[PDB]
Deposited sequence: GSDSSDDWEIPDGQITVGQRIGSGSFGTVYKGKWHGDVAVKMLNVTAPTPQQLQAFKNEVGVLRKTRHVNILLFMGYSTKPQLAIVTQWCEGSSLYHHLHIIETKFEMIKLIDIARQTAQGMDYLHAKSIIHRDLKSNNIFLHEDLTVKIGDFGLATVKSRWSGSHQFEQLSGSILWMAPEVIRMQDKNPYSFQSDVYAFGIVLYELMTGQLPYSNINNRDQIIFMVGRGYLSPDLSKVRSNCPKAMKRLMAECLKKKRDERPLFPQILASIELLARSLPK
């Protein structure tokens, strides 16, 4: 009945600082091989820092799926630390918008399917991501999708923009709809608008929505319809991940 999540003291080492996330700094480290370590820089944590650490461990520890970044364990001695697997590769954001990787349609649909697979797993455990975007979709060996929260108005559903509890399974679906747009256009939405306030205001008001005419010629019509359903302005009109997953599986077979 015990998962033995608490890593024994004096075992984790950290090397190169790769970034930051939530409560601390992210490093490439060692613990039974390469690992990523999210660690709080101070030895005396504030009650908020300790609470944020506890919440993150609490959600991560409930996940065991190939499309979810693998949580390996935690430590509180000498510092608060969360350990995950180490993946060679890059985020979907880095591929599409930084190095501009040209994926074949088959691979773009497969990346969509794997993301929907991981999202369906999270929602089944009542876990709302709250920040799904291409940056949080890691391409392990540039093939397998690993969803994480690695550190975002473009992916925000209109009701999340407008604002007490605007987050739901459907606001995650809307963010997935934007990811579908990124895969099918190779672009971020609203690239012809240079004003962030305007984007926030217009999306929240329903005056602005992604330009779906920008999707590639080889994008299946069923994918374009799914994307439109995921992006509905009214949250109750959006499909849930079991239906999204079933639609992607159907269009992939053609």
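Engineer: Could you please spell out the deposited residue ranges that have no C-alpha entry in the coordinates?
Structural biologist: Absent from the structure are positions 1 to 3, 155 to 173, 186 to 187, 279 to 281.
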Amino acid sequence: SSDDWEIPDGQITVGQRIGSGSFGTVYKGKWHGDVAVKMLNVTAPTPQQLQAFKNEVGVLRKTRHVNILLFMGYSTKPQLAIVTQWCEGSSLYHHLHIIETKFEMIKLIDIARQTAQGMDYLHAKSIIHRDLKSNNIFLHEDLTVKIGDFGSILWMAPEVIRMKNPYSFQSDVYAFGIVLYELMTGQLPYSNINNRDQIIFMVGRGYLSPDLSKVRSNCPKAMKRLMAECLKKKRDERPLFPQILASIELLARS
From here on, numbers count along this sequence of modelled residues.
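What we label the rigid core is the largest C-alpha set whose atoms superpose within 1.5 Å from one form to the other.
Engineer: Core fit done; bigger CA RMS in 4 other deposited structures of this protein for 200 to 208 or for 38 to 46?
Structural biologist: After the core superposition, the stretch with higher RMS deviation in 4 other deposited structures of this protein is 38 to 46.
Engineer: If you line up the core and then measure how far each C-alpha sits from this form in 4 other deposited structures of this protein, which stretch comes out higher, 177 to 185 or 96 to 104?
Structural biologist: Higher average C-alpha offset in 4 other deposited structures of this protein goes to 96 to 104.
Engineer: How about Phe23: is it missing from at least a third of the other entries compared?
Structural biologist: Yes; at least one third of the other entries leave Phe23 out.
Engineer: Test of understanding: from the entry's C-alpha B-factors, which stretch has the higher mean, 170 to 178 or 140 to 148?
Structural biologist: According to the PDB entry, the answer is 140 to 148.
Engineer: Per the PDB record, is the mean Cα temperature factor higher over 97 to 105 or over 72 to 80?
Structural biologist: Per the PDB record, 97 to 105.
Engineer: If you check the C-alpha B-factor for each of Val42, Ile199, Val59, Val66 in the entry, which is highest?
Structural biologist: That would be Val42, according to the entry.
Engineer: Considering only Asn194, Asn218, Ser209, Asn55, which residue's Cα atom bears the greatest B-factor as recorded?
Structural biologist: Of the candidates given, the C-alpha B-factor peaks at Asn218.
Engineer: Ranking the modelled residues of this chain by C-alpha B-factor as given in the entry, is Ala246 in the lowest, middle or highest third?
Structural biologist: Highest third.
Engineer: For the chain shown, is the CA B-factor of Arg162 in the lowest, middle or highest third of its modelled residues?
Structural biologist: Highest third of the chain for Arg162's C-alpha B-factor.
Engineer: Taking the entry's C-alpha B-factors for this chain, is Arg205 in the lowest, middle or highest third?
Structural biologist: Middle third.
Engineer: Among the modelled residues of this chain, does the Cα B factor of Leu122 put it in the lowest, middle or highest third?
Structural biologist: Tercile = lowest for this residue's CA B-factor.
Engineer: Would you mind ranking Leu183 by its C-alpha B-factor against the rest of the chain and naming the third, lowest, middle or highest?
Structural biologist: For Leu183, the deposited C-alpha B-factor lands in the middle third.
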